[PDB]
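Everything below concerns the one structure shown next.
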Amino acid sequence: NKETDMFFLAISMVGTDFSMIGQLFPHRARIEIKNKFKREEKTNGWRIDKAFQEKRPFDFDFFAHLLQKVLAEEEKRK
Amino acid sequence: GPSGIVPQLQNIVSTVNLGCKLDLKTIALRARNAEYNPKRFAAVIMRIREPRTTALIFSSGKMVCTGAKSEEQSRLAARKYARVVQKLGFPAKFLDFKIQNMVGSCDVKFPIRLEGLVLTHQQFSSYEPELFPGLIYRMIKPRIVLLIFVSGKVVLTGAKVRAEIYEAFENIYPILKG
């Protein structure tokens, strides 16, 4: 679940720039980004619209830090 | 005659000339759906949900769009991209819109023995399961290429208008049947 929530936060802050999202994700490749988009769009059309409206700050340091923290916390708890 | 199954288009391809110089970095910076990775390729990719299409910008003043379900829908997508480019501050225009390719698919609801299709029509039908299960079929009237499969479904590509795909299906149906 948290991976999809982070992916949705990314589409909020940066838009459908699949390349940069793939670059900032630890492992995910571009084709995986596209496949996730194709699978999610059907049920989350409203959520991607919200993302496009939600022009959230795309800070580098803050996003890297929260990525690392939440990834570590999920990996610990899962 | 027709069996009541009408071929349905799944993709269109079209292009248009913007008529002005553009900066790929500026587009990537100012647009939300724009994607730009110059290290890989010198073009910007655009995505919109209505129409469901993907398109590209080029600095020389060119635009291409694809993924639509109809040529009119492809034109709508291209004009929406042109409007986006215009409001981003570029003096773009919608000049020389051209439909390039459209794909279709259909079915006949009975099996097609590809062995028979090749051994009756080796001159323009190529059959080679190992690398590709389907049979590859090219045609002259109109200049279309098809993929025919065991289940009887057929993929049609290379057309400029739905009439070509329809008449191609009508031409191949008596071959598919027998």
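Labels used: A, B, ... for chains in the order of the structure tokens, numbers from 1 for residues in each chain, and numbers from 1 for ligands as shown.
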Point to revise | Spatial neighbours of residue 11 of chain B, 9 Å, only C-alpha atoms, chain gap at least 6 places, as a ChimeraX atom specification | key: /B:66-71,101-104
Can I get the selected residues back with C-alpha atoms, as a short mmCIF file (atom, residue, chain, number, x, y, z; two decimals), in the first residue's frame?
```
data_model
loop_
_atom_site.label_atom_id
_atom_site.label_comp_id
_atom_site.auth_asym_id
_atom_site.auth_seq_id
_atom_site.Cartn_x
_atom_site.Cartn_y
_atom_site.Cartn_z
CA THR B 66 -1.16 8.75 -30.86
CA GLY B 67 -3.33 6.43 -28.78
CA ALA B 68 -6.76 7.77 -29.76
CA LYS B 69 -9.72 5.59 -30.71
CA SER B 70 -10.72 7.69 -33.75
CA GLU B 71 -9.10 10.12 -36.18
CA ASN B 101 -1.64 5.43 -39.07
CA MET B 102 -4.65 3.73 -37.54
CA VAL B 103 -4.93 0.18 -36.23
CA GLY B 104 -7.95 -2.10 -35.97
#
```
**Study point:** Contacts of segment 16-24 of chain B at 10 Å (only C-alpha atoms; same-chain gap of 4+ positions) as a VMD selection string
**Key:** chain B and resid 28 to 29 34 to 38 42 to 45 57 to 65 75 78 to 79 82 85 to 86 89 to 99
Any chance you can output those residues with N, CA and C atoms as a short mmCIF file (atom, residue, chain, number, x, y, z; two decimals), in the first residue's frame?
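Ended up saving to out-v7.cif:
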```
data_model
loop_
_atom_site.label_atom_id
_atom_site.label_comp_id
_atom_site.auth_asym_id
_atom_site.auth_seq_id
_atom_site.Cartn_x
_atom_site.Cartn_y
_atom_site.Cartn_z
N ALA B 28 9.33 21.36 -20.55
CA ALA B 28 9.45 20.41 -19.44
C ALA B 28 9.30 21.11 -18.10
N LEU B 29 9.82 22.34 -18.00
CA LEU B 29 9.78 23.06 -16.73
C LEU B 29 8.38 23.56 -16.41
N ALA B 34 4.37 17.10 -18.90
CA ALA B 34 5.55 16.98 -19.75
C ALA B 34 6.61 16.10 -19.10
N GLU B 35 7.25 15.27 -19.91
CA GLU B 35 8.36 14.43 -19.49
C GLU B 35 9.53 14.67 -20.43
N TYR B 36 10.70 14.96 -19.86
CA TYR B 36 11.88 15.29 -20.66
C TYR B 36 13.12 14.71 -19.99
N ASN B 37 13.86 13.90 -20.74
CA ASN B 37 15.12 13.31 -20.29
C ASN B 37 16.12 13.46 -21.43
N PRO B 38 16.79 14.62 -21.53
CA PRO B 38 17.67 14.84 -22.69
C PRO B 38 18.78 13.81 -22.80
N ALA B 42 16.18 13.71 -27.29
CA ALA B 42 15.93 15.15 -27.37
C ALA B 42 14.49 15.44 -27.81
N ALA B 43 13.55 15.07 -26.95
CA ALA B 43 12.15 15.38 -27.19
C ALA B 43 11.38 15.32 -25.88
N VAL B 44 10.25 16.02 -25.84
CA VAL B 44 9.37 16.05 -24.67
C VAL B 44 8.17 15.17 -24.96
N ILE B 45 7.73 14.43 -23.94
CA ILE B 45 6.57 13.55 -24.04
C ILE B 45 5.43 14.18 -23.24
N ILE B 57 6.73 16.73 -28.23
CA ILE B 57 7.15 18.02 -28.76
C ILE B 57 8.58 17.90 -29.26
N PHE B 58 8.91 18.67 -30.29
CA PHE B 58 10.27 18.77 -30.80
C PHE B 58 10.61 20.23 -31.06
N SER B 59 11.87 20.58 -30.81
CA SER B 59 12.28 21.98 -30.87
C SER B 59 12.16 22.55 -32.28
N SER B 60 12.24 21.71 -33.31
CA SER B 60 12.16 22.19 -34.68
C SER B 60 10.76 22.62 -35.08
N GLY B 61 9.76 22.43 -34.22
CA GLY B 61 8.41 22.87 -34.50
C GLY B 61 7.51 21.77 -35.03
N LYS B 62 7.59 20.59 -34.42
CA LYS B 62 6.82 19.44 -34.85
C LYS B 62 6.11 18.81 -33.66
N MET B 63 4.95 18.21 -33.94
CA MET B 63 4.15 17.55 -32.92
C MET B 63 3.54 16.27 -33.49
N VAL B 64 3.57 15.21 -32.68
CA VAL B 64 2.96 13.93 -33.03
C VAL B 64 2.09 13.48 -31.86
N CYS B 65 0.99 12.80 -32.19
CA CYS B 65 0.04 12.32 -31.20
C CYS B 65 -0.44 10.94 -31.60
N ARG B 75 -7.33 14.19 -33.68
CA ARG B 75 -7.26 15.61 -33.98
C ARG B 75 -7.60 16.45 -32.75
N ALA B 78 -4.57 16.39 -30.52
CA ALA B 78 -3.51 17.24 -31.06
C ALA B 78 -3.82 18.71 -30.85
N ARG B 79 -5.08 19.11 -31.05
CA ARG B 79 -5.45 20.51 -30.84
C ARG B 79 -5.37 20.89 -29.37
N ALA B 82 -1.81 21.51 -28.78
CA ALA B 82 -1.46 22.80 -29.37
C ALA B 82 -1.91 23.95 -28.49
N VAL B 85 0.49 24.19 -25.59
CA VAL B 85 1.74 24.81 -26.01
C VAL B 85 1.55 26.31 -26.19
N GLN B 86 0.42 26.72 -26.76
CA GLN B 86 0.16 28.14 -26.95
C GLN B 86 0.09 28.87 -25.61
N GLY B 89 3.15 29.90 -23.64
CA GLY B 89 3.85 31.09 -24.09
C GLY B 89 4.49 30.98 -25.46
N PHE B 90 4.47 29.81 -26.08
CA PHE B 90 5.01 29.67 -27.43
C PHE B 90 3.97 30.11 -28.46
N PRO B 91 4.40 30.80 -29.54
CA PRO B 91 3.48 31.21 -30.61
C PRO B 91 3.15 30.08 -31.58
N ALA B 92 2.69 28.96 -31.04
CA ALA B 92 2.42 27.78 -31.86
C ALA B 92 1.10 27.92 -32.61
N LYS B 93 0.96 27.10 -33.66
CA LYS B 93 -0.25 27.06 -34.46
C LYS B 93 -0.55 25.61 -34.82
N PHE B 94 -1.80 25.37 -35.23
CA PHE B 94 -2.24 24.04 -35.66
C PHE B 94 -2.23 24.01 -37.19
N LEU B 95 -1.05 23.73 -37.74
CA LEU B 95 -0.81 23.77 -39.17
C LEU B 95 -0.52 22.38 -39.72
N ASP B 96 -1.19 22.03 -40.82
CA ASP B 96 -0.92 20.81 -41.57
C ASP B 96 -1.10 19.56 -40.70
N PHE B 97 -2.31 19.41 -40.18
CA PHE B 97 -2.67 18.18 -39.48
C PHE B 97 -2.77 17.03 -40.48
N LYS B 98 -2.16 15.89 -40.13
CA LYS B 98 -2.15 14.73 -41.01
C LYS B 98 -2.35 13.46 -40.19
N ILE B 99 -3.27 12.62 -40.63
CA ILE B 99 -3.41 11.28 -40.06
C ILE B 99 -2.38 10.36 -40.70
#
```
Review point. Suppose you want the space between atom CA of residue 87 of chain B and atom CA of residue 54 of chain B; what is it in Å?
Key: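 Between atom CA of residue 87 of chain B and atom CA of residue 54 of chain B the gap is 18.9 Å.
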Exercise for review: Write out as a PyMOL selection string which residues come within 8 Å of residue 134 of chain B when counting only C-alpha atoms, dropping same-chain ones fewer than 3 positions away.
Suggested key: chain B and resi 127-129+147-150
Review point. Pick the closest to residue 11 of chain A from A:54, A:64, A:71, A:78: which is it, counting only C-alpha atoms?
Key: A:54
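Residues with any atom within 12 Å of residue 68 of chain A, counting only C-alpha atoms and excluding same-chain neighbours fewer than 6 positions away, are residues 6, 24, 25, 26, 61, 62, 74 and 75 of chain A.
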Generate a file of the selected residues that holds C-alpha atoms, formatted as a PDB file, in the first residue's frame.
```pdb
ATOM      1  CA  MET A   6       4.265   7.371  -2.331  1.00  0.00           C
ATOM      2  CA  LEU A  24      14.158   8.765  -7.444  1.00  0.00           C
ATOM      3  CA  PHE A  25      12.615   5.363  -6.677  1.00  0.00           C
ATOM      4  CA  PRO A  26      15.270   2.968  -5.305  1.00  0.00           C
ATOM      5  CA  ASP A  61      16.071  17.246   0.452  1.00  0.00           C
ATOM      6  CA  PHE A  62      12.659  16.924   2.104  1.00  0.00           C
ATOM      7  CA  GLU A  74       7.743   0.100   6.282  1.00  0.00           C
ATOM      8  CA  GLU A  75      10.583  -2.383   5.798  1.00  0.00           C
TER       9      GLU A  75
END
```
Practice item. Find the residues near residue 52 of chain A: any atom within 12 Å, counting only C-alpha atoms, skip ones fewer than 3 places away on the same chain, and give them as a list in words. Key: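 After dropping sequence-adjacent residues, the list is residues 8, 9, 10, 11, 12, 13, 14, 15, 16, 17, 45, 46, 47, 48, 49, 55 and 56 of chain A; 31, 32, 33, 47, 48 and 49 of chain B.
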Output N, CA, C and O atoms for every residue in that selection, as a PDB file, in the first residue's frame.
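Printed below is again20.pdb as written:
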```
ATOM      1  N   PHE A   8       1.570   8.050  -5.609  1.00  0.00           N
ATOM      2  CA  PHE A   8       0.552   9.088  -5.744  1.00  0.00           C
ATOM      3  C   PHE A   8       1.065  10.444  -5.269  1.00  0.00           C
ATOM      4  O   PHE A   8       0.784  11.476  -5.891  1.00  0.00           O
ATOM      5  N   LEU A   9       1.832  10.464  -4.182  1.00  0.00           N
ATOM      6  CA  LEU A   9       2.429  11.721  -3.743  1.00  0.00           C
ATOM      7  C   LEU A   9       3.376  12.265  -4.804  1.00  0.00           C
ATOM      8  O   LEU A   9       3.410  13.474  -5.058  1.00  0.00           O
ATOM      9  N   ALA A  10       4.147  11.380  -5.441  1.00  0.00           N
ATOM     10  CA  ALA A  10       5.060  11.800  -6.498  1.00  0.00           C
ATOM     11  C   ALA A  10       4.306  12.394  -7.681  1.00  0.00           C
ATOM     12  O   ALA A  10       4.677  13.452  -8.199  1.00  0.00           O
ATOM     13  N   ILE A  11       3.251  11.713  -8.139  1.00  0.00           N
ATOM     14  CA  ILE A  11       2.444  12.276  -9.223  1.00  0.00           C
ATOM     15  C   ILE A  11       1.822  13.603  -8.809  1.00  0.00           C
ATOM     16  O   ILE A  11       1.574  14.466  -9.658  1.00  0.00           O
ATOM     17  N   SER A  12       1.543  13.788  -7.520  1.00  0.00           N
ATOM     18  CA  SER A  12       1.093  15.097  -7.057  1.00  0.00           C
ATOM     19  C   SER A  12       2.181  16.150  -7.250  1.00  0.00           C
ATOM     20  O   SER A  12       1.946  17.206  -7.849  1.00  0.00           O
ATOM     21  N   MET A  13       3.385  15.876  -6.743  1.00  0.00           N
ATOM     22  CA  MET A  13       4.391  16.935  -6.648  1.00  0.00           C
ATOM     23  C   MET A  13       5.048  17.233  -7.994  1.00  0.00           C
ATOM     24  O   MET A  13       5.429  18.381  -8.247  1.00  0.00           O
ATOM     25  N   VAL A  14       5.200  16.234  -8.862  1.00  0.00           N
ATOM     26  CA  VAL A  14       5.971  16.395 -10.092  1.00  0.00           C
ATOM     27  C   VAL A  14       5.166  16.138 -11.357  1.00  0.00           C
ATOM     28  O   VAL A  14       5.662  16.444 -12.453  1.00  0.00           O
ATOM     29  N   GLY A  15       3.955  15.597 -11.267  1.00  0.00           N
ATOM     30  CA  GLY A  15       3.199  15.278 -12.463  1.00  0.00           C
ATOM     31  C   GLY A  15       3.625  13.954 -13.067  1.00  0.00           C
ATOM     32  O   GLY A  15       4.382  13.176 -12.478  1.00  0.00           O
ATOM     33  N   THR A  16       3.112  13.689 -14.270  1.00  0.00           N
ATOM     34  CA  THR A  16       3.404  12.424 -14.933  1.00  0.00           C
ATOM     35  C   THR A  16       4.764  12.471 -15.619  1.00  0.00           C
ATOM     36  O   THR A  16       4.876  12.175 -16.813  1.00  0.00           O
ATOM     37  N   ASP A  17       5.802  12.845 -14.871  1.00  0.00           N
ATOM     38  CA  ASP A  17       7.184  12.714 -15.329  1.00  0.00           C
ATOM     39  C   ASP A  17       7.682  11.363 -14.836  1.00  0.00           C
ATOM     40  O   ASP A  17       8.298  11.247 -13.776  1.00  0.00           O
ATOM     41  N   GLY A  45      -8.801   7.386 -11.234  1.00  0.00           N
ATOM     42  CA  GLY A  45      -8.889   8.573 -12.074  1.00  0.00           C
ATOM     43  C   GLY A  45      -9.098   9.842 -11.271  1.00  0.00           C
ATOM     44  O   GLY A  45      -8.491  10.878 -11.548  1.00  0.00           O
ATOM     45  N   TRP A  46      -9.982   9.782 -10.271  1.00  0.00           N
ATOM     46  CA  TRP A  46     -10.190  10.929  -9.391  1.00  0.00           C
ATOM     47  C   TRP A  46      -8.921  11.296  -8.635  1.00  0.00           C
ATOM     48  O   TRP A  46      -8.614  12.481  -8.462  1.00  0.00           O
ATOM     49  N   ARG A  47      -8.174  10.297  -8.166  1.00  0.00           N
ATOM     50  CA  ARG A  47      -6.980  10.582  -7.379  1.00  0.00           C
ATOM     51  C   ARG A  47      -5.877  11.208  -8.227  1.00  0.00           C
ATOM     52  O   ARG A  47      -5.139  12.073  -7.744  1.00  0.00           O
ATOM     53  N   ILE A  48      -5.742  10.794  -9.487  1.00  0.00           N
ATOM     54  CA  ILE A  48      -4.739  11.428 -10.342  1.00  0.00           C
ATOM     55  C   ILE A  48      -5.154  12.855 -10.690  1.00  0.00           C
ATOM     56  O   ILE A  48      -4.306  13.746 -10.818  1.00  0.00           O
ATOM     57  N   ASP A  49      -6.457  13.101 -10.856  1.00  0.00           N
ATOM     58  CA  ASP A  49      -6.927  14.475 -11.012  1.00  0.00           C
ATOM     59  C   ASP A  49      -6.583  15.313  -9.785  1.00  0.00           C
ATOM     60  O   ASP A  49      -6.117  16.454  -9.906  1.00  0.00           O
ATOM     61  N   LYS A  55      -0.554  20.705  -6.480  1.00  0.00           N
ATOM     62  CA  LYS A  55       0.790  21.105  -6.900  1.00  0.00           C
ATOM     63  C   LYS A  55       1.706  21.275  -5.683  1.00  0.00           C
ATOM     64  O   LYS A  55       2.160  22.367  -5.341  1.00  0.00           O
ATOM     65  N   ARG A  56       1.966  20.147  -5.027  1.00  0.00           N
ATOM     66  CA  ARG A  56       2.696  20.134  -3.769  1.00  0.00           C
ATOM     67  C   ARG A  56       4.182  20.437  -3.991  1.00  0.00           C
ATOM     68  O   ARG A  56       4.741  20.101  -5.041  1.00  0.00           O
TER      69      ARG A  56
ATOM     70  N   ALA B  31       5.285  22.710 -17.748  1.00  0.00           N
ATOM     71  CA  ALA B  31       4.129  21.838 -17.919  1.00  0.00           C
ATOM     72  C   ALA B  31       4.146  20.696 -16.908  1.00  0.00           C
ATOM     73  O   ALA B  31       5.205  20.186 -16.534  1.00  0.00           O
ATOM     74  N   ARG B  32       2.948  20.297 -16.473  1.00  0.00           N
ATOM     75  CA  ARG B  32       2.814  19.245 -15.468  1.00  0.00           C
ATOM     76  C   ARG B  32       2.992  17.855 -16.071  1.00  0.00           C
ATOM     77  O   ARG B  32       3.762  17.041 -15.548  1.00  0.00           O
ATOM     78  N   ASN B  33       2.297  17.563 -17.173  1.00  0.00           N
ATOM     79  CA  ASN B  33       2.365  16.236 -17.775  1.00  0.00           C
ATOM     80  C   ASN B  33       3.594  16.044 -18.656  1.00  0.00           C
ATOM     81  O   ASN B  33       3.831  14.925 -19.124  1.00  0.00           O
ATOM     82  N   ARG B  47       1.201  13.782 -21.915  1.00  0.00           N
ATOM     83  CA  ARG B  47       0.148  12.837 -21.565  1.00  0.00           C
ATOM     84  C   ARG B  47      -1.085  13.602 -21.100  1.00  0.00           C
ATOM     85  O   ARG B  47      -0.972  14.528 -20.290  1.00  0.00           O
ATOM     86  N   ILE B  48      -2.255  13.217 -21.607  1.00  0.00           N
ATOM     87  CA  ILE B  48      -3.527  13.742 -21.125  1.00  0.00           C
ATOM     88  C   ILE B  48      -4.534  12.602 -21.038  1.00  0.00           C
ATOM     89  O   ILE B  48      -4.429  11.600 -21.753  1.00  0.00           O
ATOM     90  N   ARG B  49      -5.517  12.763 -20.149  1.00  0.00           N
ATOM     91  CA  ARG B  49      -6.477  11.697 -19.877  1.00  0.00           C
ATOM     92  C   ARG B  49      -7.698  11.745 -20.784  1.00  0.00           C
ATOM     93  O   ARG B  49      -8.270  10.692 -21.092  1.00  0.00           O
TER      94      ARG B  49
END
```
Exercise for review: Do a neighbour search on segment 31-36 of chain A at 10 Å with only C-alpha atoms, toss out local chain neighbours closer than 3 positions, and write the hits as a PyMOL selection string.
Suggested key: chain A and resi 4+7+16-19+21-22+25+27-28+39-41
Let's have the selection written as a PDB file, in the first residue's frame, with N, CA and C atoms.
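Done, and the output landed in again.pdb:
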```
ATOM      1  N   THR A   4       2.162   2.553  -3.283  1.00  0.00           N
ATOM      2  CA  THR A   4       1.192   3.273  -4.104  1.00  0.00           C
ATOM      3  C   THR A   4       0.935   4.676  -3.562  1.00  0.00           C
ATOM      4  N   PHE A   7       3.828   6.728  -4.641  1.00  0.00           N
ATOM      5  CA  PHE A   7       3.706   6.965  -6.076  1.00  0.00           C
ATOM      6  C   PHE A   7       2.677   8.057  -6.357  1.00  0.00           C
ATOM      7  N   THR A  16       3.112  13.689 -14.270  1.00  0.00           N
ATOM      8  CA  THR A  16       3.404  12.424 -14.933  1.00  0.00           C
ATOM      9  C   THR A  16       4.764  12.471 -15.619  1.00  0.00           C
ATOM     10  N   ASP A  17       5.802  12.845 -14.871  1.00  0.00           N
ATOM     11  CA  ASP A  17       7.184  12.714 -15.329  1.00  0.00           C
ATOM     12  C   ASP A  17       7.682  11.363 -14.836  1.00  0.00           C
ATOM     13  N   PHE A  18       7.404  10.324 -15.621  1.00  0.00           N
ATOM     14  CA  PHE A  18       7.717   8.969 -15.185  1.00  0.00           C
ATOM     15  C   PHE A  18       9.218   8.764 -15.022  1.00  0.00           C
ATOM     16  N   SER A  19      10.032   9.473 -15.806  1.00  0.00           N
ATOM     17  CA  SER A  19      11.474   9.253 -15.768  1.00  0.00           C
ATOM     18  C   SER A  19      12.071   9.695 -14.438  1.00  0.00           C
ATOM     19  N   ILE A  21      10.500  10.135 -11.564  1.00  0.00           N
ATOM     20  CA  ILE A  21       9.984   9.277 -10.501  1.00  0.00           C
ATOM     21  C   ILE A  21      10.730   7.948 -10.487  1.00  0.00           C
ATOM     22  N   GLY A  22      10.989   7.376 -11.663  1.00  0.00           N
ATOM     23  CA  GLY A  22      11.786   6.162 -11.716  1.00  0.00           C
ATOM     24  C   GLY A  22      13.189   6.375 -11.180  1.00  0.00           C
ATOM     25  N   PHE A  25      12.934   6.637  -7.309  1.00  0.00           N
ATOM     26  CA  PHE A  25      12.615   5.363  -6.677  1.00  0.00           C
ATOM     27  C   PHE A  25      13.874   4.503  -6.561  1.00  0.00           C
ATOM     28  N   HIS A  27      14.491   1.298  -6.911  1.00  0.00           N
ATOM     29  CA  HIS A  27      14.658   0.207  -7.869  1.00  0.00           C
ATOM     30  C   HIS A  27      13.749   0.289  -9.089  1.00  0.00           C
ATOM     31  N   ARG A  28      12.573   0.903  -8.988  1.00  0.00           N
ATOM     32  CA  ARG A  28      11.556   0.818 -10.032  1.00  0.00           C
ATOM     33  C   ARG A  28      12.039   1.413 -11.351  1.00  0.00           C
ATOM     34  N   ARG A  39      -2.495   0.193 -14.467  1.00  0.00           N
ATOM     35  CA  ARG A  39      -3.345  -0.552 -13.539  1.00  0.00           C
ATOM     36  C   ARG A  39      -4.132   0.371 -12.614  1.00  0.00           C
ATOM     37  N   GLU A  40      -3.521   1.463 -12.149  1.00  0.00           N
ATOM     38  CA  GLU A  40      -4.187   2.307 -11.158  1.00  0.00           C
ATOM     39  C   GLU A  40      -5.234   3.225 -11.787  1.00  0.00           C
ATOM     40  N   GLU A  41      -4.996   3.699 -13.017  1.00  0.00           N
ATOM     41  CA  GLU A  41      -5.840   4.747 -13.590  1.00  0.00           C
ATOM     42  C   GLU A  41      -7.326   4.403 -13.517  1.00  0.00           C
TER      43      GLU A  41
END
```
Practice item. Calculate how many Å separate atom CA of residue 123 of chain B from atom CA of residue 10 of chain B, rounding to one decimal. Key: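 Atom CA of residue 123 of chain B sits 28.7 Å away from atom CA of residue 10 of chain B.
Of note, atom CA of residue 169 of chain B and atom CA of residue 140 of chain B are spaced 13.4 Å apart.
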Check your understanding: Which residue gives the smallest distance to chain B among A:44, A:30, A:59, A:20, with only C-alpha atoms counted?
Key ->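 Smallest separation from chain B among the options: A:20.
With only C-alpha atoms as the atoms that count, the residue of A:67, A:53, A:77, A:60 with the shortest distance to chain B is A:53.
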Going by DSSP on the backbone, which residues of chain A come out as helix (DSSP H, G or I)? List them as a CSV table (one decimal) with C-alpha atoms, in the first residue's frame.
```
chain,number,residue,atom,x,y,z
A,2,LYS,CA,2.6,2.6,1.0
A,3,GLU,CA,4.4,2.2,-2.3
A,4,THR,CA,1.2,3.3,-4.1
A,5,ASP,CA,0.7,6.2,-1.7
A,6,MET,CA,4.3,7.4,-2.3
A,7,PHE,CA,3.7,7.0,-6.1
A,8,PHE,CA,0.6,9.1,-5.7
A,9,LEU,CA,2.4,11.7,-3.7
A,10,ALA,CA,5.1,11.8,-6.5
A,11,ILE,CA,2.4,12.3,-9.2
A,12,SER,CA,1.1,15.1,-7.1
A,13,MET,CA,4.4,16.9,-6.6
A,14,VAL,CA,6.0,16.4,-10.1
A,18,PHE,CA,7.7,9.0,-15.2
A,19,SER,CA,11.5,9.3,-15.8
A,20,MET,CA,12.3,11.4,-12.7
A,21,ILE,CA,10.0,9.3,-10.5
A,22,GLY,CA,11.8,6.2,-11.7
A,23,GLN,CA,15.1,7.8,-11.0
A,24,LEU,CA,14.2,8.8,-7.4
A,30,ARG,CA,10.3,3.1,-16.4
A,31,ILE,CA,8.3,0.2,-17.7
A,32,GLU,CA,7.1,-0.6,-14.1
A,33,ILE,CA,6.1,3.1,-13.7
A,34,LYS,CA,4.0,2.8,-16.9
A,35,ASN,CA,2.5,-0.5,-15.8
A,36,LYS,CA,1.5,0.9,-12.4
A,37,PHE,CA,-0.1,3.9,-14.1
A,38,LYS,CA,-2.1,1.6,-16.4
A,39,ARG,CA,-3.3,-0.6,-13.5
A,40,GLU,CA,-4.2,2.3,-11.2
A,41,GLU,CA,-5.8,4.7,-13.6
A,42,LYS,CA,-9.1,2.8,-13.8
A,43,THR,CA,-10.0,3.0,-10.1
A,44,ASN,CA,-8.0,6.2,-9.3
A,45,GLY,CA,-8.9,8.6,-12.1
A,46,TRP,CA,-10.2,10.9,-9.4
A,47,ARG,CA,-7.0,10.6,-7.4
A,48,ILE,CA,-4.7,11.4,-10.3
A,49,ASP,CA,-6.9,14.5,-11.0
A,50,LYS,CA,-6.4,15.4,-7.4
A,51,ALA,CA,-2.7,15.0,-7.8
A,52,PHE,CA,-2.6,17.2,-10.9
A,53,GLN,CA,-4.5,19.8,-8.9
A,60,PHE,CA,14.8,17.6,-3.1
A,61,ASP,CA,16.1,17.2,0.5
A,62,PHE,CA,12.7,16.9,2.1
A,63,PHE,CA,11.4,14.3,-0.4
A,64,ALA,CA,14.6,12.3,-0.1
A,65,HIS,CA,14.5,12.4,3.7
A,66,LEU,CA,10.8,11.3,3.9
A,67,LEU,CA,11.4,8.7,1.2
A,68,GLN,CA,14.2,7.2,3.3
A,69,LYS,CA,12.4,7.4,6.6
A,70,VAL,CA,9.1,5.9,5.4
A,71,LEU,CA,10.9,3.2,3.4
A,72,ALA,CA,12.9,2.2,6.4
A,73,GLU,CA,9.8,2.2,8.7
A,74,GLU,CA,7.7,0.1,6.3
A,75,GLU,CA,10.6,-2.4,5.8
A,76,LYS,CA,11.0,-2.7,9.6
A,77,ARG,CA,7.2,-3.1,10.3
```
